[PDB]
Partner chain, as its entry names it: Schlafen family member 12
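Before any questions on how it binds or moves, here is one chain, the form solved without the partner chain, in structure tokens.
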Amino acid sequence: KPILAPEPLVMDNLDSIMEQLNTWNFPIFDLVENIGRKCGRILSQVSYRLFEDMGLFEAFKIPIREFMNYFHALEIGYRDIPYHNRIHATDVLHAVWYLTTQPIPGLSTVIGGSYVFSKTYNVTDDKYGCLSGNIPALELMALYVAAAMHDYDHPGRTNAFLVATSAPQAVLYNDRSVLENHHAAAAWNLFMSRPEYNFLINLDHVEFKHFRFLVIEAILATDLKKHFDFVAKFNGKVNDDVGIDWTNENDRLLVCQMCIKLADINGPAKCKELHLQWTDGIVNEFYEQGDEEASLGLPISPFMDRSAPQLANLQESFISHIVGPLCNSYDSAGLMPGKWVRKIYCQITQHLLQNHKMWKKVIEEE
């Protein structure tokens, strides 16, 4: 039986929270409370609003019922686990939308046809552009769909755990990007399983194949084992003879991959209150894994032992080794949203710096 979207497709009572999607520190946990914690509708409701904000329904003649059917089925297959749940998917989708639609100081834009723009884009100053002016709508839509799908049916275990235990999924994917291959494959399988889910019906065959390829490339880019390769490749392309060439499809793909990568690990670049809640989630998953490791007679992985937590060290090293260099690379390309204030004020990097200082201070006291 198909999982179909519930009640009236669009919920009416969420208007005041949804108007604040144009903010970086979107109060996603307030939205969760407003909807109901295990209601299973947050992803489809946010997705509807963002697609409508971008005019993507008109751009691709997307039937809304099938769109909501699919995004509801998708959200239902995110498990009720502390971090890799439908709330995290929604968060990543919101982050890729922000990064691609919000004003970027001194970015040059194609328009200001095959491009779409957010209704929240109000600056008419030529000293501001946005990524959606440089990346065609089809490719942007793939990125958004990828974000919604990117952790589908996550089991609450890391790739290394699946591999070390010879989990059926690790055997199936030959130890290579096990979770990410699964997310993409299971979400695509879900999509093709029912005509009630076919919201892409008005793409031609060529468009559809290219869309599918972009979605897969974006989802597979979320494997952190490939992190340093993506960052080196991006830094290489930024510092060459011409820089990012927006007319080159491979350059655009690489930009989209950096975008979804940053969106996926956005937590440490949010306000303290959001960052801390998300952090609680991730470590609760780690601890569940640690318990399973112990019961299997394996050594408990670093930072996964609930009876010897090293929260501050985890967050500090994650920021210094992963998020920090990724933000620096993205910022050096001049792709970070921000405001002119001759100088630029960038909220995202400011938050990251503040959160890094906070964890450092905790480490000093310990």
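Residue numbers count along the first chain shown, from 1.
Another form, the form solved in complex with the partner chain, is not on view; read the next lines as being about it.
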Q: Given the partner chain in the bound PDB entry, answer whether the residues 224, 249 and 318 all have a heavy atom inside 4.5 Å of it.
A: yes
Q: Name the stretch, out of 226 to 234, 87 to 95, 118 to 126, 144 to 152, where some heavy atom lies within 4.5 Å of the partner chain in the bound PDB entry.
A: 226 to 234
Q: Please run the contact check for residue 4 against the partner chain in the bound PDB entry: heavy atoms, 4.5 angstroms, yes or no?
A: no
**Q.** residue 353 within 4.5 Å of the partner chain in the bound PDB entry, heavy atoms
**A.** yes
Q) Is there a non-hydrogen atom of residue 160 within 4.5 angstroms of a non-hydrogen atom of the partner chain in the bound PDB entry? A) yes
Q | Exercise: residue 324 in contact with the partner chain in the bound PDB entry, heavy atom 4.5 Å | A | yes
Q: Work out which of 68, 335, 304, 54 lies within 4.5 Å of the partner chain in the bound PDB entry, going by heavy atoms.
A: 304
